[PDB]
Q: 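Before I ask anything, here is the structure I am working with.
Counting convention: from 1, in listed order, for ligands and their atoms alike. Basis for what follows: all heavy atoms, side chains included, without hydrogens, waters or symmetry-related copies. Positions are given from 1 along the sequence.
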Amino acid sequence: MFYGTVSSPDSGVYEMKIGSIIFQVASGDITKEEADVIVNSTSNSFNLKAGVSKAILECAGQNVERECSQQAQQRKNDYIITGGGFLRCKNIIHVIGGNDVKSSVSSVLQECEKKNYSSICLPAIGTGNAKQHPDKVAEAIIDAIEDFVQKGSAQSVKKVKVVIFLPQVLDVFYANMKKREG
Ligand SMILES: Cc1sc2ncnc(N(C)C)c2c1C
Ligand SMILES: [Cl-]
Ligand SMILES: [Cl-]
């Protein structure tokens with residue numbers, strides 16, 4: 001009902017339509033990306049600095065680290081929205097890597113509609129310190145996007161890109177896209 005065809009528009013980039021949204025995957029350094037929102041995969045204290053979270057907090061800077069700890073002490077948060085710091089984005093959304101990945105992605109999509117944002121870039125959420133299985137993570141990320149499109153919620157969001165640190169995890173995402181294609 002929603003899926004287009006898997007192709008490669010650029011070297012190392014694989015894409016398919018899901019309703020109105022262009023879904024893309026690539027391996028690389030997520031801190032080099034430009035998007036309205038970049039997603040960080042962190043701990044329930046919002047102060048993990050290991051793997052992708054290390055790279056994101058180091059590049060974003062100390063003011064973003066300060067924003068995270070200030071919000072963490074104010075209430076119990078499922079996720080936190082900060083400025084982008086010295087990353088090339090308007091906001092960072094910091095999600096908990098051990099949480100249900102479909103729920104986390106659904107929340108990111110809804111927050112991006114609230115701000116009239118068009119582009120999102122995320123890592124393979126939960127595959128680092130949380131040690132969630134790569135094919136379960138791939139299935140959950142793509143399922144969240146399908147549900148968002150099925151409900152007619154996609155209006156401003158046009159592009160969702162997963163930039164993945166390990167090439168072996170990229171290969172798992174590509175196989176999941178091929179399973180779904182029209
Ligand atoms: C050995 C690993 S796994 C991993 N996952 C995410 N980010 C990383 N960076 C860039 C620090 C790493 C490194 C260097
Ligand atoms: Cl993680
Ligand atoms: Cl990753």
Q: Tell me, with the steps shown, if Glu181 and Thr5 meet side chain to side chain donor-acceptor pair (under 3.5 Å).
A: CA-CA 5 Å; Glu181 80 180 322; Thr5 301; 4.9 Å; no

Q: Tell me whether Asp36 is salt-bridged to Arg88, with the criterion being a basic N under 4.0 Å from an acidic carboxylate O.
A: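 Judged by the 4.0 Å cut-off on N to carboxylate O distance, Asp36 and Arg88 do not form a salt bridge.
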
Q: Who pairs with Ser8 by side-chain hydrogen bond (donor to acceptor under 3.5 Å, both in side chains), at least two apart in sequence or on another chain?
A: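 So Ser8 forms no side-chain hydrogen bond (donor to acceptor under 3.5 Å, both in side chains) with any residue.
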
Q: Under the salt bridge (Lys or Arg N to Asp or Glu O under 4.0 Å) rule, collect the residues that match up with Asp147, sequence neighbours excluded.
A: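 Salt bridge (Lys or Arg N to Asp or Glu O under 4.0 Å) check on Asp147 returns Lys102.
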
Q: Which N/O atoms of ligand 1 sit under 3.5 Å from a protein N/O, and at what distances?
A:
residue  : atom  : partner : partner atom : Å
ligand 1 : 7 (N) : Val52   : N            : 3.3

Q: Have a look at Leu170 and tell me which of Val163, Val25, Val162 forms a side chain to side chain contact (heavy atoms under 4.5 Å, CB included) with it.
A: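 When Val163, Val25, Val162 are each tested with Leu170, the side chain to side chain contact (heavy atoms under 4.5 Å, CB included) holds only for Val25.
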
Q: For residues 126-136, pull every pair meeting side-chain hydrogen bond (donor to acceptor under 3.5 Å, both in side chains), keeping only residues two or more places apart or in separate chains.
A: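 Every side-chain hydrogen bond (donor to acceptor under 3.5 Å, both in side chains) pair that includes a residue of residues 126-136, provided the two are not neighbours, is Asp135-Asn176.
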
